[PDB]
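Quick setup: the structure tokens below cover two forms of a single protein chain, split into structure 1 and structure 2.
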Structure 1
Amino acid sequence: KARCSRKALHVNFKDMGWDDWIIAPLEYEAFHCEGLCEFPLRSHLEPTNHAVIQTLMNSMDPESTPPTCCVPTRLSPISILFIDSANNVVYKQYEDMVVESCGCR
């Protein structure tokens, strides 16, 4: 029952059978978001106007408005090396791979 915060989430590609196409890396830290989004919202959550309004309304009457959710609001990329369709090795920067801040939306 703690605030919306970032937590460890380890991603292992070998566990997902993606060893058949991913070269490197084989695992990375991705994190995940988890926590309560109740009124009021913290500065580091830096949410959307809609998020503010929905939170305030959920605080006023939880029966008529459900609370917002704890989700990633800033992400960073990682670069993966793989073999695509044409049997070509590709170094690609995949976006939105590492959660860097959580917030309420």
Structure 2
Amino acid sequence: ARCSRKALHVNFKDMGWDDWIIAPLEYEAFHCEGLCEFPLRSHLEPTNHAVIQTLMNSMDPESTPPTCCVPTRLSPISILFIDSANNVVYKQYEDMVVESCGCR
């Protein structure tokens, strides 16, 4: 029920890249989901702003919304593909995999 890391299975075979992409054709990206409320566990590593927002939402939920569960650390993946010129490319893309979730 609380802010945590749940799966997200990304299938590049929908993407329409079939003539070009070699690997990976699928990868585990994860996503962040769940309530952001007291108590803010230490792994949510809340900013000062998030603590203050969470407090205000707790004192009067009509005035102020809760913070939100989102990725706080992400990591790259690399994709092996053939380009138009027919070169074999292996390229790193940043921010592809959620490594940690947090309330923000």
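Superpose the two forms; the largest set of C-alphas matching within 1.5 Å is the rigid core. Each residue is numbered by where it sits in the sequence of structure 1, with counting from 1.
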query: Rigid-core frame, C-alpha of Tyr94, shift of 2 angstroms or more between the two structures; finding: no
query: Is_shifted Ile23 between the two structures (CA, 2 Å cut-off, rigid core); finding: yes
query: Core superposition between the two structures, C-alpha change of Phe13 at least 2 Å; finding: no
query: Core-fitted comparison between the two structures - CA shift at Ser85, Å; finding: 6.1
query: Angstrom displacement of the CA atom of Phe39 between the two structures, core fixed; finding: 1.8
